[PDB]
Amino acid sequence: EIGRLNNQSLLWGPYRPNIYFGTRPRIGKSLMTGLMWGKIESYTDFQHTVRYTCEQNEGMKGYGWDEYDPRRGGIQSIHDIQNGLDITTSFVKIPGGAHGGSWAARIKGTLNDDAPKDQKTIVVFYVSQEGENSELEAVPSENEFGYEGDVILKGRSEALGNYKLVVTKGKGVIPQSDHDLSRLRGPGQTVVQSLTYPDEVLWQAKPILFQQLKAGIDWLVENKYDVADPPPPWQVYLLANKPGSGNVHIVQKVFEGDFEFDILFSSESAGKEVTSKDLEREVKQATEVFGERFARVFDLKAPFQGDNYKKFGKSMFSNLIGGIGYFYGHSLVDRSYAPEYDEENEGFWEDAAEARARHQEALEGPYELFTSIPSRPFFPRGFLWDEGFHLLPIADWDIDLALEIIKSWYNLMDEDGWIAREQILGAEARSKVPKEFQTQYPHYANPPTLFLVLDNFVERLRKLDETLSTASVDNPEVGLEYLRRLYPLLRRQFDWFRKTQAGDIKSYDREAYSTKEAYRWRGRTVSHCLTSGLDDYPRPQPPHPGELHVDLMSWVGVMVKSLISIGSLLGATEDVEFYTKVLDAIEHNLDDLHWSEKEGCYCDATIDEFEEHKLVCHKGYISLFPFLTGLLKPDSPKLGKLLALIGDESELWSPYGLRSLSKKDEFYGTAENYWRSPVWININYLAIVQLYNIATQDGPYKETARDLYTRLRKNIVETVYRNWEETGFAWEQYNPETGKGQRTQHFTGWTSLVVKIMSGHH
Ligand SMILES: O=[N+]([O-])c1cc(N2[C@@H]3CC[C@H]2COC3)ccc1NCCCCCCN1C[C@H](O)[C@@H](O)[C@H](O)[C@H]1CO
């Protein structure tokens with residue numbers, strides 16, 4: 001019942017973060033829309049200037065959400081240098097009826113100071129509908145060659161019932177052609193082309209548009225329009241009007257100078273149809289609500305209480321929550337469980353490559369996923385351990401939203417307990433991913449950081465849009481039922497980890513409190529360990545079936561501590577007893593297998609040339625894991641030595657945050673130098689939260705933790721703020737020597753954790 005209200009609230013959104021601006025509902029095969037625009041200055045330039053899928057290069061100053069809440073809508077701003085255009089896309093949801101409500105958008109384009117004042121810009125609104133028993137029709141024009149006013153599309157489906165979608169006339173100069181062609185094509189007006197293609201290719205908006213433009217050009221060629229006397233470019237690239245029935249509708253406008261137009265989606269089962277007056281008003285309302293929620297949910301503490309930090313927090317937050325996508329389709333999975341994937345022998349990476357080279361992978365599904373993403377331009381899709389970080393701030397904002405996303409993720413889990421770490425769903429998603437990197441492998445794990453979110457919900461539980469956001473904490477019954485239904489999958493994931501990611505104690509000269517607790521990440525190559533999330537952090541060389549990884553064991557610890565709390569809430573006492581013994585064994589086994597007294601930190605372990613357990617110690621993030629994951633007692637002498645490592649400028653401590661790897665480590669700044677020195681916000685965030693924990697409890701390290709917490713919070717926030725101020729972007733990682741953001745931009749993305757770091761009061 002709370003489920004039905006949530007379903008209905010979240011159904012519609014701009015859930016296509018892979019494109020600048022578009023809408024889809026959370027339904028695999030339904031109605032989608034996308035925006036395209038580009039300046040036209042010549043006969044050949046439109047194909048190069050036209051924008052649709054997100055990218056980041058010299059031609060685009062920046063883009064992002066100024067404001068967003070997926071229940072209500074928001075405002076995105078796009079700063080396009082190539083096309084001399086500052087664009088604004090406002091989207092708003094209007095609840096009502098039985099079909100997930102109505103929505104509207106305003107597209108406003110303003111030429112920048114550099115653009116020719118008489119620039120011609122082509123704007124397209126592309127609309128598609130998949131589904132066997134559904135209809136969509138453009139109501140024809142009264143006029144001869146196109147539309148003087150609004151374009152109305154009428155459609156129906158099982159999912160949406162009856163609806164109307166209107167593209168309004170809009171404001172702005174419409175250029176007029178004196179050419180001969182105008183007698184056949186009109187002087188210049190809004191046009192509509194209504195087409196049909198087999199459902200599975202409808203997503204290919206750009207090629208479909210261009211095929212129509214080319215047919216347009218070929219008609220000119222056949223009909224004696226030539227270089228003797230050519231029509232203007234904008235008229236050459238203006239489609240001949242042919243509205244009708246189909247599963248594809250192209251709405252094209254040309255504008256000279258500034259422009260704007262509305263898109264009004266009117267769910268028939270609701271009240272009166274949506275108007276532009278409705279849009280303007282609900283835009284203003286949504287802004288007020290966003291304003292008030294922000295100040296309550298993300299109340300930035302000293303020294304970030306100022307307005308500059310507020311605007312920064314709003315940008316980082318809105319971009320993260322604005323990344324929410326709905327994805328649908330088949331994924332590519334190797335279901336061969338080839339025995340080479342067991343990696344039980346020396347040299348196992350060569351065996352595994354030989355297996356992969358059998359190419360037994362097949363598409364399977366379809367699946368759906370509702371998730372936030374790291375990067376609109378470079379990787380707009382679900383990543384398993386990233387989502388754990390993304391949901392930390394989102395959960396604060398709207399716990400029901402976060403729980404929905406968690407549910408969405410767990411619904412992917414297969415019978416054995418595997419969720420693919422990278423969710424590439426459907427041909428549209430695949431288009432952005434080289435074939436060689438699509439295949440998922442059922443023995444590949446990723447950190448279970450979604451348990452971190454679950455933990456915070458549990459603590460919240462112990463201690464209509466306003467209502468709906470917090471319904472899962474405000475009605476303990478609802479909360480518990482949610483945990484009840486998820487609990488088995490959580491448990492299945494726990495079991496899967498210990499089955500598939502088991503390390504080898506019993507087979508070597510290995511003494512420890514427990515014969516059981518030992519873990520090794522499957523999937524390592526000579527240079528990489530992708531499944532751990534820390535691609536190129538240095539690990540034992542060469543890789544070896546005897547390896548043990550202290551990060552993985554610490555994640556199993558995070559998991560088991562969570563199972564304790566959740567089981568304890570559902571009174572699964574047979575389960576809670578078992579967990580209690582596993583936790584106890586990991587605490588002991590962390591020390592017995594992973595602690596280096598001589599180095600003063602945790603290390604991964606291998607097996608020698610001589611068949612004996614060797615620690616292989618590389619000072620950095622990995623070394624801190626038991627502390628980052630909240631496993632050490634606040635009086636632990638090991639914790640204190642870890643605090644020395646963290647605070648030590650010659651090892652990890654840079655002015656800009658903690659270095660992934662110590663400056664003393666032989667691998668510092670080597671090779672791709674991905675996780676071999678740069679400052680990464682996700683691990684810094686875990687550190688900051690654990691420092692705070694120790695700083696707010698009686699113990700011997702209280703005052704040290706307090707100082708490190710104060711400084712690290714400051715350093716991390718200021719580095720990310722400084723870069724945002726100067727570049728407009730959140731970055732993937734930060735240079736510890738210069739403080740510059742580097743690798744990819746638009747990383748929102750766990751970089752956005754900074755809103756919560758500024759927020760404090762963990
Ligand atoms: O998508 N690609 O497959 C892909 C595409 C391309 N492109 C080609 C064509 C378009 C596109 C842009 O330019 C040329 C280039 C390289 C790759 N490589 C796959 C790697 C995926 C990124 C992992 C980022 N993070 C790494 C963190 O280490 C990990 O912790 C984190 O979880 C993960 C997620 O945030």
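For the single chain, residues carry numbers from 1 onward in sequence order. Side-chain atoms are counted along with the backbone in the values below, which use heavy atoms only and exclude waters and symmetry mates.
Not a single donor-acceptor pair under 3.5 Å links the side chain of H544 to the backbone N or O of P540. Formation of a donor-acceptor pair under 3.5 Å by the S318 side chain with backbone atoms of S315 is not found in this model. Remark: the backbone N or O of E344 is not paired with any side-chain donor or acceptor of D342 at under 3.5 angstrom. Judged purely by atom type and a 3.5 angstrom limit, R381 has no side-chain atom pairing as donor or acceptor with the backbone of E422. Within the 3.5 Å criterion, the main-chain N or O of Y709 finds no donor-acceptor partner in the side chain of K714. Within the 3.5 Å criterion, the main-chain N or O of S514 finds a donor-acceptor partner in the side chain of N589. Between the side chain of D665 and the main chain of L661, no donor-acceptor pair closer than 3.5 Å is present. Checking side-chain atoms of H594 against main-chain N and O of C603 turns up a donor-acceptor pair under 3.5 Å. Panel note: side chain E599, backbone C617; no donor-acceptor pair is recorded below 3.5 Å. For the pair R376 (side chain) and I19 (backbone), a donor-acceptor distance under 3.5 Å is present.
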For this session: Evaluate the criterion side chain to side chain donor-acceptor pair (under 3.5 Å) for residue pair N446 and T531; output intermediate values, then yes/no.
Result: CA-CA 5 Å; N446 216 35; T531 63; over 6 Å; no
For this session: Apply the test side chain to side chain contact (heavy atoms under 4.5 Å, CB included) to residues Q745 and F378: give CA-CA distance (whole Å), side-chain angles for both, the deciding distance (0.1 Å), then the verdict.
Result: CA-CA 9 Å; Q745 314 103 307; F378 306 108; 3.6 Å; yes
For this session: Would you sort out whether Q690 and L624 count as a side chain to side chain contact (heavy atoms under 4.5 Å, CB included), showing the intermediate values?
Result: CA-CA 11 Å; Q690 294 296 147; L624 308 179; over 6 Å; no
For this session: Could you check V679 against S660 for side chain to side chain contact (heavy atoms under 4.5 Å, CB included), going step by step and ending with a plain yes or no?
Result: CA-CA 6 Å; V679 165; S660 41; over 6 Å; no
Problem set entry | Check against ring pair (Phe, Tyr, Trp, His ring centres under 6.0 Å), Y537 and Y621 | CA-CA 9 Å; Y537 193 101; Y621 289 171; 7.2 Å; no
For this session: In sequence, state the C-alpha distance, the side-chain angles, and the governing distance for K561 and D455, and then conclude on salt bridge (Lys or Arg N to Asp or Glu O under 4.0 Å).
Result: CA-CA 9 Å; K561 286 190 59 175; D455 287 338; over 6 Å; no
Exercise. Can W65 and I321 be said to form a side chain to side chain contact (heavy atoms under 4.5 Å, CB included), step by step?
Worked result: CA-CA 9 Å; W65 293 88; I321 191 172; over 6 Å; no
For this session: Begin from the C-alpha positions of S472 and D400 and carry the test side chain to side chain donor-acceptor pair (under 3.5 Å) through to its verdict.
Result: CA-CA 6 Å; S472 281; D400 272 67; 3.1 Å; yes
Exercise. Should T629 and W555 be marked as a side chain to side chain donor-acceptor pair (under 3.5 Å) after you check the CA-CA gap, both sets of side-chain angles, and the distance that decides it?
Worked result: CA-CA 7 Å; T629 52; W555 286 121; over 6 Å; no
Exercise. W731 and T751: side chain to side chain donor-acceptor pair (under 3.5 Å), yes or no, with the steps?
Worked result: CA-CA 7 Å; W731 297 77; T751 295; over 6 Å; no
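Taking 4.0 Å as the cut-off between side-chain N and carboxylate O, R335 and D414 count as a salt-bridged pair. Taking a cutoff of 4.0 Å between a charged side-chain nitrogen and a carboxylate oxygen, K499 and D416 do not qualify as a salt bridge. Between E404 and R26, at least one side-chain nitrogen of the basic residue sits less than 4.0 Å from a carboxylate oxygen of the acidic one, meeting the salt-bridge criterion. With respect to the salt-bridge test (charged N to carboxylate O, under 4.0 angstrom), the residues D334 and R356 do not qualify. A salt bridge is defined here as a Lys NZ or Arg NE, NH1 or NH2 lying under 4.0 Å from an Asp or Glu carboxylate O, and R520 with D504 fails to meet this definition. Using a 4.0 Å cut-off between a side-chain N of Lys or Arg and a carboxylate O of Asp or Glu, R524 and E343 do not qualify as a salt bridge. The pair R539-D551 meets the salt-bridge criterion, since a charged nitrogen lies less than 4.0 angstrom from a carboxylate oxygen.
In this structure, the ring of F667 has its center less than 6.0 angstrom from the ring center of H618. Ring centers of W521 and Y444: at least 6.0 Å apart, outside the cut-off. Ring to ring, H746 and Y63 are close: their centroids are under 6.0 angstrom apart. The six-membered or imidazole ring of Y602 lies near that of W595, with a centre-to-centre distance under 6.0 Å. Less than 6.0 angstrom separates the ring centroid of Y674 from the ring centroid of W680. Ring pair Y15/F370: centre-to-centre distance below 6.0 Å. Between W750 and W385, the gap from one ring centroid to the other is short of 6.0 Å.
Relative ring orientation between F312 and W724 is described as tilted, the plane-to-plane angle lying within the 30° to 60° band.
Within a 6.0 Å sphere centred on NZ of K740, heavy atoms belonging to other residues, nucleotides or ligands number 12 at most.
Nearest heavy-atom pair, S623 versus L642, reported as atom, atom and distance to 0.1 Å: O-CD1, 4.0 Å. Residues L534 and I622 approach most closely at CD2-CD1, 4.2 Å, considering heavy atoms. For the residue pair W675 and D536, the shortest heavy atom distance occurs at N-OD1, 2.7 Å. Between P448 and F497, the shortest heavy-atom distance links the atoms CD-CZ, 4.0 Å. A pairwise comparison of heavy atoms in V755 and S752 identifies CG2-O, 2.8 Å as the closest pair.
Side-chain atoms of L452 and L686, non-hydrogen and from C-beta on, do get closer than 4.5 Å to each other. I694 is listed as a side-chain neighbour of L639, based on a closest heavy-atom distance under 4.5 Å. The closest side-chain heavy-atom distance from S331 to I424 is not below 4.5 Å. Side-chain contact between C601 and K619 is present, with at least one heavy-atom pair separated by less than 4.5 Å. In this structure, the side chains of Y734 and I716 stay at 4.5 Å or more apart for every pair of heavy atoms. Within the 4.5 Å cutoff, no side-chain heavy atoms of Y341 are placed close to those of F348. Looking at heavy atoms from C-beta onward, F389 lies out of side-chain contact with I681 at the 4.5 angstrom threshold. At a threshold of 4.5 Å between non-hydrogen side-chain atoms, the residues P380 and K432 count as touching.
With hydrogens and angles left out, the side-chain atoms of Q493 and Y410 include a donor and acceptor closer than 3.5 Å. For the residue pair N673/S677, the side-chain donor-acceptor check at 3.5 Å is satisfied. Looking only at atom types and distance, the side chain of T606 has no donor-acceptor partner in the side chain of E547 under 3.5 Å away. Side-chain contact annotation: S662 with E651, donor-acceptor N/O pair under 3.5 Å present.
From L332, atom CG reaches atom CD of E364 across 8.5 Å, with rounding to the nearest 0.5 Å. We find the CD1-CD distance between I419 and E387 to be 11.5 Å, quoted to the nearest 0.5 Å. The OG1 atom of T719 sits 7.0 Å away from atom OH of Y656, with the distance rounded to the nearest 0.5 Å.
The cationic atom of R522 (NZ for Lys, CZ for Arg) does not lie both less than 6.0 Å from the six-membered ring centre of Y337 and within 45° of the ring axis.
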